[PDB]
Structure formats: structure tokens, C-alpha cells
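The block underneath contains the structure these notes are about, expressed in C-alpha cells.
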Amino acid sequence: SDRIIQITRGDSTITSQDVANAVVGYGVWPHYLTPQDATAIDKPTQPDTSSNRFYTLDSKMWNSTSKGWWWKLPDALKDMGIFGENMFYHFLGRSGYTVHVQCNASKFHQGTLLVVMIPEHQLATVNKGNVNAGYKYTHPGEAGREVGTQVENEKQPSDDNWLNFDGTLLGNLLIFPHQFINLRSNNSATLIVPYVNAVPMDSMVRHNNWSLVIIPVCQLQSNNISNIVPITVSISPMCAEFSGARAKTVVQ
Amino acid sequence: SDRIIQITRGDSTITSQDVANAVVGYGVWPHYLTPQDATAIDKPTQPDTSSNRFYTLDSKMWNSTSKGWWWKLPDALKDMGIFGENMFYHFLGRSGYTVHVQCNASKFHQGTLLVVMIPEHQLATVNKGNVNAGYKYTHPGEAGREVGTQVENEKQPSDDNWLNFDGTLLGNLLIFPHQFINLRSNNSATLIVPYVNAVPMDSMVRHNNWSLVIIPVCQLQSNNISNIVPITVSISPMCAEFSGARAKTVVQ
Amino acid sequence: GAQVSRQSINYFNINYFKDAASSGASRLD
Amino acid sequence: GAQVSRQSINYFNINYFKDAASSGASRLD
Amino acid sequence: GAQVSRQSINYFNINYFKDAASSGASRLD
Amino acid sequence: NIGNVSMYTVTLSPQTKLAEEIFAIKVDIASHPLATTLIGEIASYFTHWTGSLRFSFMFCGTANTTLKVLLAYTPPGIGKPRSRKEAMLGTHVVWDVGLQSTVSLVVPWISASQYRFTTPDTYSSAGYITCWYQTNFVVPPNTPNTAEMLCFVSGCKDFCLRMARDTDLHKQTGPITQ
Amino acid sequence: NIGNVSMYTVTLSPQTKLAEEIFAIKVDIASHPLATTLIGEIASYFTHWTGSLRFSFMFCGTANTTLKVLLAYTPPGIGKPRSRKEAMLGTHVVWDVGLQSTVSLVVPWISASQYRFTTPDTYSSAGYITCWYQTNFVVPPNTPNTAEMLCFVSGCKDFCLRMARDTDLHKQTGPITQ
Amino acid sequence: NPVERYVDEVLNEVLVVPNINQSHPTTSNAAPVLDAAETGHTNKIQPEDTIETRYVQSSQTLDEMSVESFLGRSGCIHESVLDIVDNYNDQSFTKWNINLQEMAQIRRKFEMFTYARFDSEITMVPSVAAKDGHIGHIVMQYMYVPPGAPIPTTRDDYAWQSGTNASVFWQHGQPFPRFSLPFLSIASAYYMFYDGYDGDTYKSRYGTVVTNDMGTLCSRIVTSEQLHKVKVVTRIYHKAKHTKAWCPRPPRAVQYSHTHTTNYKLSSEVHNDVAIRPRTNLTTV
Amino acid sequence: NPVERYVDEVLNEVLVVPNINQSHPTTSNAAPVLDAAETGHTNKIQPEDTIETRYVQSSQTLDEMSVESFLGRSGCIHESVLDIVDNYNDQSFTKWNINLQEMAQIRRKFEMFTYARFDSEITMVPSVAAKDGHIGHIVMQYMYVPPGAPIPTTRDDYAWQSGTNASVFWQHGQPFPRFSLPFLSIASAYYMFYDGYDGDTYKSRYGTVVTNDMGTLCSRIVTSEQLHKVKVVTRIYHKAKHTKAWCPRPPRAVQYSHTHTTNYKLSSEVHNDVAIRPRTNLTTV
Ligand SMILES: Cc1cc(CCCOc2c(C)cc(-c3noc(C(F)(F)F)n3)cc2C)on1
Ligand SMILES: Cc1cc(CCCOc2c(C)cc(-c3noc(C(F)(F)F)n3)cc2C)on1
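Residue numbers (the entry's author numbering), protein chains in the order written: chain 2, 10 to 261; chain 2', 10 to 261; chain 4, 1 to 7, 23 to 44; chain 4', 1 to 7, 23 to 44; chain 4'', 1 to 7, 23 to 44; chain 3, 61 to 238; chain 3', 61 to 238; chain 1, 1 to 285; chain 1', 1 to 285. A prime marks a further copy of an entry chain.
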């Protein structure tokens with residue numbers, strides 16, 4: 010059946026009985042760093058099944074007024090088991106991911122989520138001159154950011170979903186790896202992305218490679234509104250490898 | 010030269026210019042678990058260079074009245090980088106070690122340390138009936154235990170060095186893998202031990218496989234006593250592998 | 001009477032009485 | 001059943032029960 | 001184990032235990 | 061519930077808090093909620109066990125009821141998980157309810173020793189199976205707001221029992237007469 | 061000394077008289093100072109012994125301390141030697157302390173019978189090991205005027221034990237309880 | 001090489017369990033973990049399908065779980081009492097209607113199958129209690145009286161001659177008596193359960209009593225009256241040999257009440273009648 | 001010629017010790033007698049290297065020093081007492097938590113290794129003391145109750161049926177009972193010592209008690225109450241067969257105190273607690 014999926018990573022298996030295929034970002038499957046592209050000379054540590062497994066983030070509630078949610082990777086996985094430990098004990102890290110967004114309702118509900126994975130999503134600030142988004146704002150952790158809620162501190166990034174929080178139009182986000190969760194068709198989205206960067210490995214603490222953006226383009230409607238319809242995200246690193254070991258970095 | 014050594018493990022290199030060879034416990038070099046001896050079916054995580062590297066414990070001061078020191082493994086390495094993290098996130102662990110004890114003085118100093126690695130060193134309590142050594146006493150961490158100092162709590166283990174803290178005579182400790190640091194001859198001891206146990210992998214938290222015992226059999230003497238003569242221990246796991254991943258165990 | 005077999024490690028598998036009910040536990044598989 | 005051997024000084028090395036735990040002391044070396 | 005011999024009048028000369036001290040009286044001459 | 065068929069069903073329903081716990085049991089083959097199952101009863105006639113266990117769950121709501129649930133196995137050496145986050149760090153299956161009503165979670169043999177004791181003995185205590193809400197239990201209007209789930213258990217290809225013994229799941233306290 | 065690590069060390073120092081005695085023990089494998097060693101403990105589970113013994117000594121003074129010592133083995137049929145001259149007429153090793161800290165003296169199997177009793181029984185009493193100063197213990201100024209020596213024992217290629225028996229180096233005078 | 005067969009018997013490695021092979025991460029639309037219990041079939045998923053497994057070489061064997069092993073151990077099935085109190089002629093002999101229903105331990109194991117066919121090994125353990133101080137010379141006679149044969153009514157009944165029945169005479173101080181019995185049914189297998197009657201009226205008997213008539217075991221102290229009284233208790237042990245069993249079933253959950261019937265007692269608080277222990281709630285391990 | 005192997009077994013010449021060869025006076029700068037004990041290795045010098053030896057043909061053999069020989073002798077591991085004083089029902093049965101820690105003699109030998117794997121041969125020596133003059137007909141039952149199986153609480157408990165457990169019935173006047181047991185651990189070897197706990201808290205148990213659970217030995221006088229009281233003492237002997245041992249260790253120097261623990265008592269004058277005898281001085285043989 011073209012509408013079922015079982016994804017096994019490490020000791021975790023995820024299933025869905027109403028999928029819309031899977032997307033492999035830019036058509037490249039995650040793979041380890043080769044000696045021709047490598048640059049940092051020490052031998053990498055590859056946790057394998059202990060880090061390359063599904064980690065489920067905190068659930069979010071989708072209601073008729075939701076404006077969107079975003080998470081940044083690898084930041085969202087910073088307090089997640091062995092993968093999280095490895096990103097702080099090492100200067101460099103490299104990894105691909107399998108992102109599985111889950112949201113089920115019923116055959117009498119309607120709504121649509123645009124699920125996108127953006128490489129280098131450099132956020133903008135609005136009407137604040139040359140002051141850029143502050144570190145702690147773009148590093149929310151597994152809780153991500155719920156668009157349209159935050160108390161206006163100065164280095165707070167843009168919260169304009171129609172302008173992709175960066176000065177470009179929402180309708181064009183489809184140029185990045187993405188899927189839609191249209192409630193009448195599917196109840197999950199699966200995106201598998203490779204490591205994308207201009208250097209072979211990078212700081213997992215100062216640089217976020219991908220951003221997961223979920224925007225409800227079609228409002229959630231039904232005639233049973235008291236039933237909460239959550240959205241859950243499960244992310245699994247793939248081919249994670251780290252280099253340049255030392256003491257554990259403590260942030261903020 | 011038969012009296013020099015360079016030991017490289019991961020990103021660490023240790024040297025000594027006055028050694029007395031090296032001892033390979035029971036003549037077996039550490040190796041990974043084979044499928045014929047394995048039992049836990051999930052694929053192990055092997056941190057490699059990030060865990061198999063030298064970790065230097067807290068130094069101890071050797072003076073004319075010292076009675077000895079002991080550490081238990083893997084316990085002593087519990088708060089040590091990636092190796093330590095792995096032993097708490099996993100139910101099972103398995104590992105061999107390279108133990109390098111360091112102590113230098115001068116050609117006008119004399120003294121002798123018996124450095125021993127004991128498998129299953131089950132401590133005894135003295136004159137307390139059937140009450141056995143308590144968990145926190147046999148899990149001192151990197152600080153180990155300085156024989157002859159502790160404040161008599163009830164579950165405190167024996168502090169009788171001549172009876173090996175277990176009811177057997179000190180002179181017979183030589184049946185276990187060992188070396189001596191005789192100040193006139195060498196300034197370090199190197200023991201490389203394999204994984205020894207009746208099961209292929211075990212709980213790194215409830216079971217300590219080896220105990221490092223250092224007893225000064227010949228008192229430290231010199232005519233410059235104000236110069237402190239410390240003893241430093243550096244331990245490097247070898248072929249460390251873990252299995253049965255989950256949340257991090259929090260002890261005590 | 002019994003079934004001697006050879007390879023040399025003979026397995027004299029004796030049955031001491033003349034009734035089938037008299038023998039010990041059965042072979043498996 | 002047991003391991004008859006020949007040279023003639025046969026060594027009928029019998030094992031009377033069907034479990035390995037039942038036999039006597041082991042051969043050395 | 002024991003020393004079977006043939007001519023036919025076999026002389027199964029058995030030694031039931033694994034120690035030399037256990038056997039009976041020695042042969043003469 | 062004992063003495064009713066309802067002792068075999070777990071009830072699910074629309075939640076108001078996220079990631080709630082559904083059930084939690086020990087994974088030991090002869091431990092308590094599973095001692096009276098067939099595999100638990102047979103395991104109780106032997107002293108040792110080894111191998112992987114297969115837990116299955118069948119959803120019994122309407123064909124219009126949806127739900128995503130996380131079934132997790134926590135290896136030993138730690139307490140039972142207190143949250144879905146803590147649980148999902150172990151072995152787990154995210155089950156999406158749909159046309160196929162049943163899912164299976166395999167508890168792999170993850171042990172120090174090759175076998176474990178079948179009777180409740182700490183050292184050889186195998187961990188826990190917990191179930192949590194991955195999303196929620198959603199239904200359209202005019203549909204029952206609660207539904208049951210049945211739980212099954214059996215052994216995998218590597219399951220094996222050893223050292224026969226008498227059972228403590230049955231007794232005789234007087235003569236059985238004509 | 062019993063109850064201290066010092067029961068394992070012999071002290072050496074600058075002498076004022078020549079050829080002084082350092083120590084003297086019986087060579088019998090299960091006799092007294094050596095009954096509690098590992099070879100002595102194992103020998104105590106057997107009734108007979110045979111073979112040559114290997115005694116080793118490790119000097120633990122400073123690297124600037126010198127010394128020459130005579131280690132001697134006196135075969136039976138005579139009393140223990142009373143002087144270095146009397147001792148050196150038997151089997152002996154003159155040990156010069158230097159870069160190599162340890163020396164070994166082999167007590168050859170010199171017996172009438174092929175075996176001897178492990179327990180203290182005159183007829184099969186093997187002789188003595190004595191140690192004397194060959195020269196002196198010399199040190200430069202500002203150096204400790206005393207130093208220790210450790211003594212070891214093991215068996216040579218021809219060592220062998222026979223006739224298993226219970227040991228008298230350990231006992232039980234009451235019940236060992238739970 | 002049957003000899004190879006013999007070596008496996010000695011080491012108990014006749015039936016080996018399979019190995020766990022190495023598996024890898026997968027992403028496909030074949031979902032083994034998903035199925036339908038409604039079909040009445042067990043999902044056939046193995047560990048390699050859900051987690052990523054390593055290669056492990058299984059050494060376990062299933063020999064001990066065989067039906068031969070499970071039912072092949074002697075268990076007590078009866079405890080016969082000859083207690084001399086005040087009349088030797090009346091108390092020195094007795095009889096028992098043979099069955100495997102009186103002792104819960106073995107009855108429960110056999111009852112895990114619907115039909116079972118096997119040969120039996122009977123071992124007897126007699127013990128003479130000296131109530132007054134002496135046992136004298138006790139000689140016992142255990143006679144198997146198949147259905148129809150005459151049952152003795154006195155210690156000197158002509159039936160003790162045993163002209164055709166099988167009798168085992170045991171003398172105090174000699175090894176425990178033991179003998180084998182072939183499969184005795186008039187059918188192809190013994191009925192562990194029988195949903196039938198011996199007639200079609202409201203007074204017809206129901207159950208295994210209709211099919212499992214095995215006869216009587218008559219026993220007596222052969223020795224004549226002695227001054228000192230003794231109490232002889234003979235325990236009978238049974239073991240199944242060369243066993244076959246069909247149609248497995250659920251194990252007995254409540255205590256047995258009577259022989260040949262599945263009848264049970266139920267108290268006011270039912271959780272005390274079954275081995276199920278009350279859970280505090282769904283989430284309390 | 002295995003037969004040749006058999007002849008060596010009969011004469012106990014399987015493991016021969018090497019010969020002493022003839023040696024000569026030497027003058028060189030290779031000094032075998034010199035070495036460094038710091039290395040942790042024993043100097044490998046032999047008699048030919050220090051003295052001038054003659055050629056001697058060694059006949060000694062090491063068979064008796066094998067681990068099989070050292071641990072292969074039956075030693076007492078327990079003395080069970082059933083003393084009938086004033087209540088037969090309460091005193092005619094008992095139980096023992098199995099272990100090899102209660103008798104110093106064999107415990108010490110096994111404890112010279114860290115791990116040991118072996119099969120066991122158990123022999124029982126029962127002796128019935130006639131406290132009032134007669135023993136009657138004593139029949140005993142020794143039942144092995146593996147961990148988990150039901151433990152009998154009365155002399156007529158249903159657990160004595162032994163439907164699945166192994167029981168040995170012995171009758172007074174017959175040879176001593178004996179049976180073999182295979183290696184029983186859930187691990188690959190028995191732990192003689194265990195530096196571990198069953199948990200990670202201040203109340204977790206330490207030692208071999210965590211790993212060496214062997215079950216219980218339940219026994220009873222099968223014979224019913226007799227007029228005359230008896231005291232039955234059954235001594236259990238154990239012998240290891242097909243043995244392997246790993247990591248040798250120092251022998252126990254002080255008395256044992258309790259089972260499963262290395263705990264010891266120390267008095268005010270410690271030389272009385274060890275076998276070391278005080279020397280008058282360094283030079284007094
Ligand atoms: C179902 C089913 C299966 C069986 C066979 C039970 C074997 O039963 C016995 C027993 C237990 C004892 C005797 C018996 N005891 O002593 C003697 C003899 F020695 F007197 F022959 N026969 C005979 C049978 C058929 O019974 N019901
Ligand atoms: C370590 C270590 C090694 C061992 C094996 C000890 C063997 O122990 C016994 C003993 C001594 C007696 C019985 C026993 N005594 O009687 C019976 C039976 F006859 F009732 F089966 N079983 C069973 C075991 C497992 O225990 N701890």
C-alpha cells in the first residue's frame with residue numbers, strides 16, 4: 010500500500026497509516042563525511058544506534074487561531090540523550106535527519122499544515138534597525154517557538170508568518186524540501202534531509218543548519234472543537250558524527 | 010631503550026622515561042564482544058576515540074604515614090567525558106583499560122608502591138556481623154578512598170591494608186595483575202587489562218569489575234621531606250561498548 | 001537386545032525387557 | 001553407550032546415563 | 001577398559032577403576 | 061475489575077493535557093499483570109527464561125476514531141519513566157491507528173546474563189513497558205468519546221525456558237474428592 | 061610487626077662490624093615464615109613436595125645506595141650457619157645492588173628421598189636460607205641511612221606437590237551463618 | 001550419524017533456537033509491526049524487524065520444553081492408608097478407584113492438553129509407622145483389578161490369589177516397587193476433558209467419569225496379625241513415558257473441587273480464588 | 001593412540017614435569033639471577049642457571065594438582081537436623097537455602113578462584129538416632145525447590161507431591177542417596193566473589209547473595225508419627241565435576257563469619273586471627 014510507512018532508526022520504529030510518500034531533501038540521502046571532503050584531521054566518533062534514533066519533541070496544540078511553529082536543528086535536540094551529550098562535548102558535529110510530523114484528526118475535520126525544512130533560516134527582526142535576533146531566541150530548544158505569543162524583548166525575531174520571519178513570501182517556501190499535512194488526505198509528513206553546509210562539519214552550538222517550520226495555511230475546522238488536535242514532531246539524526254572532543258560546553 | 014614508553018589512546022599520549030615494562034593482565038589484550046559470546050541482541054554503540062582515551066584522576070599525596078589508596082572501575086570514571094555519559098544512558102557496558110600510575114621523586118628518595126588490579130574485589134566490613142559495605146562507600150568516584158581517614162559510619166568497609174580489605178594477606182596480592190613503583194628504579198607502572206566477567210556485558214552502575222589498589226609496602230623516605238611527592242593515576246578505557254540505551258540514570 | 005552403532024564411539028542403546036512400555040524416555044524431534 | 005577403542024587392549028569408556036553431568040571426573044590436559 | 005585377546024577363547028582382562036592401585040593381584044614371572 | 065471481562069481492556073479518550081500516561085507494567089514474563097497469560101503460566105513451570113517478547117495491541121474504537129500512541133520499553137538499571145520524553149529515550153514504537161487495528165512492540169532480549177529467573181528476583185528484573193499519548197484521541201461529532209484497547213503477549217523466535225519446577229500460580233489446600 | 065605491612069620488609073643499614081647476619085629462615089615450603097605465602101598455602105593442601113625453590117629479593121633503598129649481600133642455602137645434616145664463612149661453604153649467590161633491583165637465589169632440590177613431607181617433620185627438613193653482608197651498605201651524605209628489602213618465593217620448573225589433604229592454616233570454630 | 005544423534009541427546013542440543021541476525025535502519029511501506037489480531041493469527045514480527053539488531057549466535061535449546069520432558073516426571077497421584085487401630089481383619093486391606101485427578105500438581109499439567117497418549121511408570125513409596133514400637137516383618141501386596149474382575153472383600157478373599165491379575169509384593173527393607181503400564185485406553189488417546197454423557201436423560205453422568213474407568217488398586221498387609229500396631233502409608237507416583245498430546249488449552253485458574261469434573265467454588269471476593277493480584281491502578285508497576 | 005592416553009590416565013602420568021639438565025661453570029655478562037620485580041613478572045631462572053647441575057630424569061607428574069583434582073572431592077556443605085521433641089507435625093520437616101558458604105573447608109578451596117564453572121555430585125549421609133529406643137521404618141524425602149516454586153509449610157503441604165520438582169526418597173537401610181546436577185547458573189560461570197549490588201541505593205545488597213540464588217532444599221520424614229522419637233541428621237556432601245576456574249586469588253587468611261560475605265572479626269592481638277606465627281627475631285629459624 011502506497012499510504013503506509015514504517016521507519017526504523019536505532020531502537021525506534023515509527024508508523025503511519027495515512028502518509029503522502031516521503032521527501033528526500035535535494036535528492037541526497039544522508040551519508041558520512043568522506044576523506045576527500047574532510048578537513049578536521051582527528052578520527053570522528055560515530056555513536057550509531059545510540060544517537061541515530063527518533064527523539065520526540067514536546068507536543069503543540071493546533072487550534073483555529075494558530076499561526077505556526079518553528080524549531081531549529083540541531084538545537085531542538087540539545088537535551089536529547091546521547092546525541093545531545095555529543096554535541097556539547099565536541100567542537101564539531103555533522104548529521105542528517107528524518108523528520109516525522111504527526112497530526113491526526115478525523116474525517117469530519119479540515120485543515121492544512123505546510124511542513125518545511127529550511128537550510129540557513131536566518132531570522133529577521135522587524136522595525137529595529139540593525140539589531141539582529143538574539144541567541145536565546147533562535148535557540149528555544151525542544152519547545153520551539155509558537156508564532157504569535159512572545160513578550161516583545163528587543164532582540165526578538167520576526168513573528169510574521171506570511172513573510173517567513175525573514176522578508177520573503179510564504180507561498181514560495183515550496184522551493185525548500187516540504188510536504189503538507191492536509192487532514193482529509195494524510196496524518197503525517199516525512200522528510201529525510203542530508204547534511205547541507207559549505208564546510209564539512211561545524212559547531213553544533215553556534216550554528217543551526219536546518220529549521221523546521223510548520224504553518225497552518227488552511228484553518229483547522231470541525232464541528233467538535235472541544236477535541237484537542239495536537240501536532241507532534243519526532244526527529245531522528247542520521248549518520249551523526251562528532252569531532253574535537255573536550256570538556257562539556259555550558260551555554261548561557 | 011627498554012625503559013621508555015609512549016602510550017597513545019584517542020587524543021591522549023602518555024610518556025614515561027623510567028618504566029619497568031608493561032603488564033597485560035592474564036595475557037589477554039582488550040577486544041570487542043564477539044557474536045558467539047554476545048547475548049543482548051541490540052547493536053552496541055562504540056564511542057571509539059571519544060571514550061577510549063586517558064582520563065586523569067585527582068592526585069594523591071604520598072607521605073611517610075600513607076597506608077594506601079583504592080579506586081574501583083568503572084566507577085572512578087563516572088564523571089569523565091563521553092565514557093561517563095555512556096555508562097549512565099545505557100543499561101549495559103563493557104570495557105578494558107590501560108592504567109598508568111605516575112609517581113616521581115628523585116635519586117635521593119626511597120619508597121615502594123605495590124600497584125594492583127583486582128577483579129571482583131568484594132570488600133569486607135570488620136566486627137559488624139553480616140552488615141556489608143554500603144553502596145556509597147564502594148563508589149567513591151575519581152577521589153577514591155584514602156586508607157586510614159574515614160569517620161566510622163556503619164556500612165564502612167575494612168581499612169586494613171595488610172588484609173587486603175577483604176580477609177586475605179597482602180603478600181599474596183601478587184597473584185593478580187600488578188607492578189611495583191620502586192622509586193630507585195621506575196616512576197610509573199602500566200597495566201593493561203581485558204574485560205573480565207562471567208557475563209559478556211554488565212551494569213556499569215551496580216557492578217565494579219576491577220579495583221585499583223596502591224599500597225606503599227616500603228615507606229617514603231628522603232632528606233628533603235618538604236617536597237611533596239604526589240601519585241597520579243590516568244586511566245584509559247579500551248574497546249568500550251554500551252547497549253540498551255534509555256534515559257540517564259541518576260544515582261543516590 | 002539392542003542397537004549397536006559405530007563411527023569408534025559405539026552407542027549400545029539397550030532395551031532390557033520385551034515390552035515397548037518398559038523403555039525409558041523417548042528421543043525428541 | 002560408549003567409545004570402544006583398539007590396539023589388543025580395548026578401552027570401553029562407558030557413560031551410563033543420558034546427561035553429560037552424570038559422568039565421572041574429566042580427562043586432564 | 002580392558003585387554004581382549006583371541007585364539023576362540025577370549026580373556027577379557029578388565030580393570031574397572033582408573034587407578035593402577037585398584038586392580039587385583041599381579042601376574043607372576 | 062477482577063472477575064470481569066473489563067480486566068482485559070484499557071480505556072482511551074480525548075485528553076486535556078498532552079503526553080499523558082496510559083499504562084505501565086513490568087516486562088518480566090512471570091511478573092504480575094502478565095503471570096496469568098499463557099506464556100506467563102508456562103514460564104511459571106520453569107526457573108529461567110531468555111529471548112524476546114512480543115506485545116501486541118488492538119484498538120477497538122469506531123472506524124472514525126483516530127489516535128497515535130507511543131509504546132515504550134525501558135531497559136533495566138533505571139526507574140520506570142515519569143514522562144513521555146523519558147520513556148521515548150528507550151526502545152519504542154509510535155503506533156498510528158488506522159485500517160490495521162493491531163500493532164506489535166518487540167521487547168528485545170537486553171540482558172547482562174544469557175538467562176533470567178522467571179520469578180520476581182530484582183537482579184534479573186527486565187524493565188518496563190509504558191504507553192503514552194503521542195497526539196490525542198480524536199473523534200468527529202456523534203461518536204463515542206471513549207474506546208478500549210486489548211493487549212496481547214507471546215514469545216519471539218528466540219524465546220526459551222529452562223529448569224522445570226512446580227508452579228505457584230495454582231495450589232491445593234484440601235483433598236480433591238469423588 | 062604482624063598486622064602491619066612492615067612484616068614483609070627486612071631493614072638494612074651501615075654496619076660497624078663486618079659480615080653481620082641479616083635474616084635466617086627454614087627453607088621448608090610449608091614451614092613458618094613461608095607457610096602463608098601462596099606457594100606455602102597451596103603446599104599445605106598436599107602432603108609431599110619436591111623440586112627447587114626460587115627466592116627473590118628486591119632492594120628498595122635510593123638509587124644512590126650501594127650494597128653487596130651474600131644469600132646462602134645450607135643443605136641439611138648440619139645446624140644453621142653461625143658466620144658468613146660457615147654459610148658461604150654451602151650454595152650461595154653474592155648479590156650486588158645496582159640498576160636491576162632484584163636478585164634470585166635458587167634452592168636446588170638436594171634430598172635423599174625423591175619427595176619430602178610438607179609439614180614440619182625433622183627427617184625431611186630441608187635446610188636454611190641465611191643472608192649476610194658481603195661488604196656494607198654505603199650511602200653518600202644527605203641520604204636515608206636505612207633501607208628495606210622485599211623477599212619473594214615461587215617454585216622452579218621441577219616443583220611438584222603430591223597427596224591432597226586438608227590444610228591447618230585455616231579453621232572453623234563455630235557456625236558460619238546467614 | 002545417529003551416533004551424532006546420541007551426542008546431541010547427551011548434551012541436550014536436539015532442538016536449537018534460531019540466531020538473531022543483524023538488521024539495519026529501514027524506511028519502507030511494508031510495515032511488519034502493523035497487523036490485525038482479528039484474523040486469529042499471531043503477528044509474525046521478530047526483533048530484527050523493529051529495532052536494529054546485532055548478530056548473536058543462539059545456543060539455547062528447547063529439549064526441556066518438549067512434551068516428553070514436561071509430562072515425564074513422577075508426581076504423587078495417591079496416598080493409601082492402612083491404619084491398624086482395633087481390628088486387623090478389617091483394617092489390613094483397602095482399595096482405590098484409579099485416576100490422575102486427586103493431586104492438583106500433576107492433574108494440572110496433564111490438563112493443559114485435551115487428549116494425551118502415553119505409557120506409565122508407577123513407583124510406590126511405602127512407609128511403616130511403628131505406633132506401638134515395632135514393625136515386625138511387613139510384606140505388602142498391591143493388586144491391579146481391571147474393571148470387571150472380582151474385588152476382595154476380606155483380607156483372605158480368594159481374589160488375592162491373583163491367578164490372572166498383576167500383583168506386586170513388596171517386603172519391608174527392599175527397594176521401592178516400580179513397574180510400567182502400556183497405554184490402556186479403548187480409544188486412541190486418553191480424554192483429559194469430555195463434553196459428553198453416558199446417556200441422553202437428565203440423570204446421565206457428564207464428563208471424564210464416562211470414559212476414564214481404569215479399575216481398582218487393591219492392597220493389603222500380607223503379614224498376619226502382629227502384636228504391635230502399624231500404620232502403613234503407600235504413596236503412588238506416576239510418570240508419563242513416550243508421550244503425545246493434542247489440542248493445548250488454558251491452565252486451571254481456580255482450585256479443583258472434585259475428580260473428573262471442572263466444577264469450582266467461588267467466594268464473595270473473587271480475586272482470592274484466582275492467582276491474579278489486584279493492581280493499584282493501570283500505571284503502578 | 002588414545003589407548004596410550006588411557007594408560008597415562010591409569011598411571012597418572014598425563015602431565016609430566018621437565019628434567020634437570022647438566023650445566024657448567026660460566027663467566028659471562030648475561031646475568032639471569034638479576035632482574036626487576038617491579039615489572040610484575042617472576043624471574044624465569046632455573047637451577048641450571050645458578051648452580052652446576054647434573055642430569056636428572058624427572059618422574060614427577062602434575063595430575064593431582066589439576067583443578068579437576070583440587071576441587072573434585074566430596075566435602076560436607078550442610079548438616080540438616082529433624083529432631084522430634086514434642087510435636088511431630090512441626091518437627092518432621094525443614095528447609096535450607098542452598099549455598100557452598102557454610103563449611104569452611106570447601107568454601108576456602110573454591111574461593112581460591114574468582115569464577116568457576118562445574119557440574120555437581122551430591123551425596124547424602126542420613127543417620128537416625130533412636131532417642132527412645134526404636135527407629136521403626138524411616139523413609140525420608142529431600143526435594144529441590146528451585147527459586148519461585150512453592151515452599152512447603154506443613155508436613156502434608158501439597159508441594160510435597162513433587163509434580164515437577166526433583167525429589168529423592170531414601171529408605172533407611174539402603175545405600176546413601178546420590179545424584180548429579182548440571183552447571184546451574186544463568187551466567188557462564190559461578191561467581192565466587194562479586195563486587196556489585198542489586199541496586200544503586202544505600203540499602204542495596206552487596207556481594208554474592210545478589211548472584212548466587214540456588215533455591216531451597218526441603219526435606220521431611222515421610223513416615224507418619226511413630227511412638228518413639230528419632231533425631232535424623234542428614235549431612236550433604238558436594239563434589240565438583242568437569243571443572244574450570246578463572247583468575248586465582250589469595251587464600252582466606254582469617255576465619256569466615258557469615259555466608260556470602262568476606263566480612264571478618266579482628267581481636268585486640270591480631271596475630272591470633274591469622275595463621276602467621278610470631279618470630280622471635282629475623283634470625284631465629
Ligand atoms: C487419564 C488417565 C491415564 C491413566 C493411567 C494411570 C495409571 O494408573 C494406574 C495406577 C496409577 C496404578 C496402577 C497400579 N498400582 O499397583 C498396580 C499393581 F502393581 F498392582 F499392578 N497397578 C494401575 C494403573 C492402571 O489413568 N487415567
Ligand atoms: C556458587 C555455587 C555453586 C553451587 C551448586 C551447589 C549445588 O547445590 C545444591 C545442593 C548442595 C543440594 C541440592 C539438592 N539437595 O537434594 C536435592 C534433591 F535431591 F532434592 F533434588 N537437590 C541442590 C543444589 C542445587 O551453589 N553455589
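Beta carbons: idealized from backbone N, C-alpha and C, even for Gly.
Short Cβ contact (7 Å threshold) for residue i with residue j
i	j	result
residue 41 (chain 2)	residue 105 (chain 2)	no
residue 115 (chain 1)	residue 1 (chain 4')	no
residue 124 (chain 3')	residue 203 (chain 3')	yes
residue 130 (chain 3')	residue 194 (chain 3')	yes
residue 76 (chain 2')	residue 157 (chain 2')	yes
residue 117 (chain 2)	residue 194 (chain 2)	no
residue 96 (chain 3)	residue 122 (chain 1)	no
residue 43 (chain 1')	residue 35 (chain 1')	yes
residue 130 (chain 2)	residue 84 (chain 2)	no
residue 79 (chain 2)	residue 153 (chain 2)	yes
Nearest-angstrom beta carbon gap, residue j and residue i [assumed within contact, 8 Å]
i	j	result
residue 54 (chain 1)	residue 101 (chain 1)	Not confirmed; about 50 Å, so no contact.
residue 165 (chain 3)	residue 153 (chain 3)	5 Å
residue 12 (chain 2)	residue 33 (chain 2)	Incorrect: roughly 18 Å between the Cβ atoms, too far for contact.
residue 196 (chain 2')	residue 248 (chain 2')	Wrong, their Cβ atoms sit about 28 Å apart, outside the cutoff.
residue 100 (chain 2)	residue 255 (chain 2)	7 Å
residue 219 (chain 2)	residue 128 (chain 2)	6 Å
residue 214 (chain 1)	residue 138 (chain 1)	Actually they are not in contact, since the Cβ atoms of residue 214 (chain 1) and residue 138 (chain 1) sit about 27 Å apart, beyond 8 Å.
Ligand 4 heavy atom lying under 6 Å from the CB of residue i
i	result
residue 175 (chain 3)	The model on display carries ligand 1 and ligand 2 but not ligand 4.
Exposed unless 16 or more other CB atoms sit within 10 angstroms - verdict on residue i
i	result
residue 190 (chain 1)	buried
residue 157 (chain 3')	buried
residue 175 (chain 1)	exposed
residue 151 (chain 3')	buried
residue 4 (chain 2')	Summary: the structure shown does not reach residue 4 (chain 2'), with chain 2' confined to residues 10 through 261, and so no result is reported for it.
residue 169 (chain 3')	buried
For this session: Only counting runs of 4 or more residues, tell me where the alpha helix (DSSP H) segments fall wholly within the segment 84–130 of chain 1', in order along the chain.
Result: 88–91 and 104–110
Exercise. Enumerated in chain order, which unbroken segments of the beta strand (DSSP E) with a length of 3 residues or greater are wholly contained in the segment 149–211 of chain 2'?
Worked result: 187–191 and 197–202
For this session: For the segment 126–141 of chain 2' and the segment 175–184 of chain 1', state whether three or more C-beta atom pairs, one from each stretch, are separated by less than 8 Å.
Result: no
Exercise. Can we say the segment 168–184 of chain 2' touches the segment 223–235 of chain 1', given the rule of at least three CB pairs closer than 8 Å?
Worked result: no
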